[PDB]
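Visitor: Got a sequence here, can you build the structure:
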Amino acid sequence: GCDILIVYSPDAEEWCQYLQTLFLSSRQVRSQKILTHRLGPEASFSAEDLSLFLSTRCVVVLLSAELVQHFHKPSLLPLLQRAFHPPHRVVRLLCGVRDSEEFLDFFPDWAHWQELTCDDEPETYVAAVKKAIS
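Guide: Residues are numbered from 1 along each chain as shown. And now the structure:
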C-alpha cells in the first residue's frame with residue numbers, strides 16, 4: 001500500500017465512512033490497503049501524509065463543497081494536480097456538487113475521471129475502484 005486513498009472534507013465525512021465499510025466488505029478490494037485523508041481546515045499535511053497523496057495507486061475524490069474550496073488555494077492546487085493523476089487512476093464521487101466545465105481549469109484531464117453519484121448502486125462504486133487499481 002497505499003492502494004486506495006479516499007480524499008474528503010469533513011462535510012462528506014459519512015460518505016467516507018460508508019465507502020470504507022463497503023470497500024472492506026467487498027471481495028475485489030477488501031484485501032487492499034485503504035487509507036483516508038481528511039482535507040482542512042485544521043491542517044495541512046504531515047511528512048507521512050503528503051507522501052500518501054503521491055504514492056497511492058488509486059485516488060477516490062469525494063467532491064463536496066468544502067473540498068472544492070481547497071481547489072482555490074494556490075499553495076495547494078499544484079499538489080492536487082500531481083496527486084490526481086493519471087486520469088484512469090482517479091475516481092470522483094459527486095457529493096452535493098453538480099459536475100461542471102469550470103473544473104477543467106483546475107484539472108485538465110477532469111473529463112477522463114471515472115465519475116460516481118450518490119444514487120449509484122454499491123456494485124457500481126466497487127467496480128469503479130476495482131477498474132482503477134487494475
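Visitor: Please, where are all the helices along this structure?
Guide: 13-25, 47-55, 65-71, 77-83, 122-133 (DSSP state H).
Visitor: CA atoms only for the second one, dumped as PDB, please.
Guide: Presented in PDB, the C-alpha positions along helix 47-55 are these (Å, rounded to 0.1, in the frame of the first residue of the first chain):
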ATOM      1  CA  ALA A  47       5.500  14.400   6.100                       C
ATOM      2  CA  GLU A  48       4.000  10.900   6.200                       C
ATOM      3  CA  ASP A  49       0.800  12.300   4.700                       C
ATOM      4  CA  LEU A  50       1.700  14.200   1.500                       C
ATOM      5  CA  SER A  51       3.700  11.100   0.900                       C
ATOM      6  CA  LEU A  52       0.500   9.000   0.700                       C
ATOM      7  CA  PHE A  53      -1.100  11.500  -1.800                       C
ATOM      8  CA  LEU A  54       1.700  10.900  -4.300                       C
ATOM      9  CA  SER A  55       2.300   7.200  -3.500                       C
END
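Visitor: Go through it and flag the buried ones.
Guide: Within helix 47-55, the residues that count as buried by 16 or more other C-beta atoms under 10 Å are 52, 53. Just so you know, the C-beta spots here come from the backbone N, C-alpha and C atoms, and that holds for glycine as well.
Visitor: And for the fourth one?
Guide: The neighbour-count criterion (16+ other C-beta under 10 Å) identifies 80, 83 as the buried residues of helix 77-83.
Visitor: Can you name every helix or strand that that helix contacts?
Guide: For helix 77-83, the contact count by 3 or more C-beta pairs under 8 Å, 6 or more residues apart in numbering; DSSP states H and E identifies helix 47-55, helix 65-71 as packing neighbours.
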